[PDB]
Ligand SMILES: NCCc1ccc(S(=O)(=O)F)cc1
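As structure tokens, one chain now follows by itself in the form deposited without this ligand.
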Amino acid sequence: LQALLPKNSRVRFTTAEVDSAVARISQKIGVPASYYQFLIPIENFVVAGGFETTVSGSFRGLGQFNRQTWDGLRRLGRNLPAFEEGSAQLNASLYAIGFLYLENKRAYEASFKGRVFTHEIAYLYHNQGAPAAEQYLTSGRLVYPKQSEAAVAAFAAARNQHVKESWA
């Protein structure tokens, strides 16, 4: 039973086709497959036989990208289709998730020298955007606070991981 959040069109992908595409793309672009396995179930509906993803409104597809974030990657030179087309596609959305991870990793490492970009930190960056993610890490307040309980839990873990020097 999916929890109702206060805030029509979906696409369904099978687990196997997601897994196959993740394995291929993650290897190609140098992003851990485990990051995709972490992110996809948080952002999308896990249903019998795979995942369903909303492709209407501001946030779309497996990565739940908005157009501005998607277009940012294109501006960097990433070969993606237009937001509205690619966000409804398996491969393009998986490339975008990974390209964004790579960009956010650079942003995190530039602001916090010597620290490790963990999966939960990467998800914070993915969801809030790098500027707002850095703001949450430093201030403890979300710029865009209307997120799911699972997301908020991930962000709290991310900040814990960020501040603490080691596992403990």
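Residue numbers run from 1 along the displayed sequence.
> Between residue 164 and residue 165, what class does the number of missing deposited residues fall in: none, 1 to 3, 4 to 9, or 10 or more?
Per the record, no deposited residues are absent between residue 164 and residue 165.
> Please work out which of 62-70 and 115-123 has the higher mean CA B-factor as recorded in the PDB entry.
62-70 has the higher mean C-alpha B-factor.
> Which is higher in the entry, the mean Cα B factor of 8-16 or that of 150-158?
Taking the mean C-alpha B-factor of 150-158 and of 8-16, the larger value falls to 8-16.
> Out of 53, 56, 104, 34, which shows the largest CA B-factor listed in the entry?
The record points to 56.
> Using only the C-alpha B-factors in the record, can you name which of 48, 100, 133, 110 has the highest?
Of 48, 100, 133, 110, 48 has the highest C-alpha B-factor.
> Just say lowest, middle or highest third for the CA B-factor of residue 76 relative to the other modelled residues in its chain.
CA B-factor rank for residue 76: highest third.
> Going by the entry, which third of its chain does the Cα temperature factor of residue 140 land in?
Answer is highest: the recorded C-alpha B-factor places it there.
> Split the chain's modelled residues into thirds by Cα B-factor; is residue 88 in the lowest, middle or highest one?
Highest third, going by the recorded CA B-factors of the chain.
One more form of this protein should be noted, the form deposited with this ligand bound, which is absent from this view; the next part is about it.
> So in the bound PDB entry, does any heavy atom of residue 129 sit within 4.5 Å of this ligand?
Contact with this ligand, yes.
> With the partner left out of view, is residue 26 within 4.5 angstroms of this ligand in the bound PDB entry by any non-hydrogen atom?
Taking the distances in the bound PDB entry, the answer for residue 26 is no, it never comes within 4.5 Å of this ligand.
> Check residue 135 for me: does it contact this ligand in the bound PDB entry (non-hydrogen atoms, 4.5 angstroms)?
Heavy-atom contact with this ligand at 4.5 Å: absent for residue 135.
> Report yes if any heavy atom of residue 69 sits within 4.5 Å of a heavy atom of this ligand in the bound PDB entry; otherwise report no.
Answer yes; at least one heavy atom of residue 69 falls within 4.5 Å of this ligand in the bound PDB entry.
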